[PDB]
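Engineer: Here you go, one structure.
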Amino acid sequence: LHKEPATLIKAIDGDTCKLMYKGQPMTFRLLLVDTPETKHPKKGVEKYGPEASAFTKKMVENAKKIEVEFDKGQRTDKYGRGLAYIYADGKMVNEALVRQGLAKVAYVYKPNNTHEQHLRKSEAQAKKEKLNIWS
Ligand SMILES: Cc1cn([C@H]2C[C@H](OP(=O)(O)O)[C@@H](COP(=O)(O)O)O2)c(=O)[nH]c1=O
Ligand SMILES: [Ca+2]
C-alpha cells in the first residue's frame with residue numbers, strides 16, 4: 001500500500017469528502033467504516049452523525065498534509081467514489097473515528113481489508129470504554 005498526496009476541497013460529512021486527486025476533483029469515501037448519516041432521507045440525521053462530521057472537519061481543515069492510501073482491490077465504489085484510508089498529518093482518519101466511538105467497522109469487502117484488524121482492535125477499545133455510539 002502506498003500513500004499519495006491529495007488536497008482537501010470540501011468535507012461533506014464524517015466519512016465522505018471531496019478532494020483534488022491527481023489534478024482532478026473527486027469524492028472519496030473512507031474504507032472499512034461507517035459514520036452516522038446526516039443526509040439521506042431513508043436514514044435522516046442519525047445520532048452522532050453531527051458529532052462525527054465535526055470531529056472529522058476540524059481534523060482535516062487544520063491539516064498541513066492530506067494523503068490517500070488505496071487498498072489492494074477496487075479503487076472506487078459503485079457511485080464513482082474513491083475508496084481509501086485517508087491520513088491527516090500522518091494520522092489515519094478511519095482509525096481516529098473508530099477509536100472515538102464515532103464510526104463502526106463496516107463494509108468489509110475483500111480484498112479491500114488490509115487494515116481491518118487494526119480498525120477492529122480500536123473499535124473494541126472504544127466499545128469497552130462505552131464511547132459515544134457504544135454508550
Ligand atoms: C465504504 C464502502 C461503501 N460502499 C457502498 C455500500 C453502500 O451501498 P448502498 O448505498 O447501496 O447502501 C454505500 C455506503 O456508503 P454511505 O455510508 O456513504 O452511505 O456505499 C461500497 O460499495 N464499498 C465500500 O467499501
Ligand atoms: Ca455513513
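Engineer: Which residues, taken from the range 9-44, are more than 8 Å from ligand 1 (Cβ to nearest atom), in a strand (DSSP E or B) and either among the β-branched types (V, I, T) or free of Cβ contacts under 8 Å to residues at least 12 places away in the same chain (or both)?
Structural biologist: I9, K10, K18, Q24, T27
Engineer: Quick check, is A52 in contact (Cβ under 8 Å) with a residue 12 or more places away in the chain, assigned to a loop (DSSP other than H, G, I, E, B) and either closer than 17 Å to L97 by Cβ or within 16 Å of ligand 2 (Cβ to nearest atom) (or both)?
Structural biologist: Judged against the criteria, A52 is not a match.
Engineer: Restricting the search to the range 62-92, which residues are surrounded by 20 or more Cβ atoms within 10 Å (Cβ to Cβ), β-branched (V, I, T) and within 13 Å of ligand 1 (Cβ to nearest atom)?
Structural biologist: Scanning the range 62-92 gives a single hit, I86.
Engineer: If you go through the range 54-62 one residue at a time, do you hit one that is closer than 21 Å to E4 by Cα and in contact with a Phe, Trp or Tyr (Cβ under 9 Å, 6 or more places away or on another chain)?
Structural biologist: Within the range 54-62, none of the residues are closer than 21 Å to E4 by Cα and in contact with a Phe, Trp or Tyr (Cβ under 9 Å, 6 or more places away or on another chain).
Using ideal geometry, Cβ is built from the backbone for each residue, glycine included, and neighbour counts are taken over all protein chains shown. Values in this text are rule-based calculations from the coordinates and carry no lab data.
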